[PDB]
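One chain is shown next in structure tokens, namely the form deposited in one PDB entry.
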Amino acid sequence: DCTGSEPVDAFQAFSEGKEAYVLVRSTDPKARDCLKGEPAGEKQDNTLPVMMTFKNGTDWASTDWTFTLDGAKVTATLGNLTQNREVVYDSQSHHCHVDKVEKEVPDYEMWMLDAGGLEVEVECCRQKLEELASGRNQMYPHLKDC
């Protein structure tokens, strides 16, 4: 309140591969509609296969990514694409987390359990996202007729 999980560990922030997370806030104007990530297999050493589901226009679509975990950092790969993230905030019970997408102009994202989370924890994630966004525009992918 609002001291979440310290230090942040990406695998624990993903409930150790036991849950799916939904994208609820993003500073990226290209954030995919209804974006959701769910584990597609067990963690092999430091590698976790993840299926991302979202709406591509009116139809549902899916992409199979490979996540490499390193402390709070996550390197996601698909074909020739590579996305580097750092989980900068993770709530007390891993009900939600805030990521920093590492690039020329870094983006900030809020992810929460598709199964639902405690209001107090969800509020802490929202607060942390608002602080890091600092006057930038925000997208709401979960409201896109999901």
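Numbering starts at 1 and runs along the sequence shown.
The stretch 3 to 11 shows the higher mean C-alpha B-factor when 3 to 11 is compared against 136 to 144 in the entry.
Averaged over CA atoms, B-factors in the entry run higher in 119 to 127 than in the other of 20 to 28 and 119 to 127. Highest C-alpha temperature factor among 35, 88, 101, 113, as the PDB entry reports it: 101. In the deposited entry, the Cα temperature factor of residue 67 places it in the middle third of its chain's modelled residues. When the modelled residues of the chain are ordered by C-alpha B-factor, residue 53 sits in the lowest third.
Missing here is the form solved in complex with a partner chain; even so, the following discussion is about that form.
Here the marked residues 41, 110 and 122 all reach its partner chain in the deposited complex, each with a heavy atom within 4.5 angstroms. 118 is the sole member of 78, 101, 118, 88 with a non-hydrogen atom lying within 4.5 angstroms of its partner chain in the deposited complex. Among heavy atoms of residue 32, none comes within 4.5 Å of its partner chain in the deposited complex. In the deposited complex, its partner chain sits within 4.5 Å of a heavy atom belonging to residue 93. Put simply, residue 58 is close to its partner chain in the deposited complex: some heavy atom of it is within 4.5 Å. Using a 4.5 angstroms limit between non-hydrogen atoms, residue 25 touches its partner chain in the deposited complex.
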